[PDB]
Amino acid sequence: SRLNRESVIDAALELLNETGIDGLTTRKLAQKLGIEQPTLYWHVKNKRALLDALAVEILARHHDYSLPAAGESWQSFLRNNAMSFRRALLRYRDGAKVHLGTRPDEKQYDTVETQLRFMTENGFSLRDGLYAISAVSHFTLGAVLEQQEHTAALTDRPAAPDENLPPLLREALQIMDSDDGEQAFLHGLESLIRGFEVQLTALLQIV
């Protein structure tokens, strides 16, 4: 196989879809690529370095809404950015777990600087803007992680007795399982944005 960076990342992503993050080993990546391990080591020093790389590439390839359009409202940008982030995390098995614990890579520096600058231009202090942005990121990841781990653990876990369930919980579980979490996610996103908006527009009023 070719072993440029781009090839290795392709094979690692496919492998991730087949095995999830705990099955994503250096030994299995070597087998997928048709090489011995010492050969892989020249290219990929360890699991951490691979995962860091994957975290960036997943967004570089599938996170299309990383920047505000010309004249777009801050509220609209957060909306579009959260939905793009969610789609990119959901594209790969354990995608959100691959993101977790990263911080912006050099390759994302200008992107992430512009996001923060754009909030300050719309009235936010840096710290308030950052808190808004972070809250969107946290909420989005928590929702995707719950969905994805729920899915992967509902194989190991046997049944769920619809018999001794109390009535609202029974109904809540039907609701929750009726889609991919998308509606719950979108409803929450709107709440979060409006909340911010109240905060910003208050200024020094007690609110």
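One rule holds for the numbers: they count along the sequence shown, beginning at 1.
Compared with other deposited structures of the same protein, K28 does not meet the criterion of being unmodelled in at least one third, since all of those that resolve residues on both sides include it. Modelling of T151 is complete across the other compared entries in which both of its neighbours are modelled; not even a third of them leave it out. Stretches compared: 174 to 182, 38 to 46. Higher mean C-alpha B-factor in the entry: 174 to 182. Here 141 to 149 and 22 to 30 are compared by their mean Cα B-factor, and 22 to 30 comes out higher. Highest C-alpha temperature factor among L51, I58, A160, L169 per the entry: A160.
Annotation for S191: CA B-factor lies in the lowest third of the chain's modelled residues. Among the modelled residues of its chain, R79 has a C-alpha B-factor that falls in the lowest third according to the deposited record. Annotation for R127: CA B-factor lies in the middle third of the chain's modelled residues. The PDB entry assigns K97 a C-alpha temperature factor belonging to the lowest third of its chain's modelled residues. Ranked by C-alpha B-factor against the other modelled residues of its chain, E197 falls in the lowest third.
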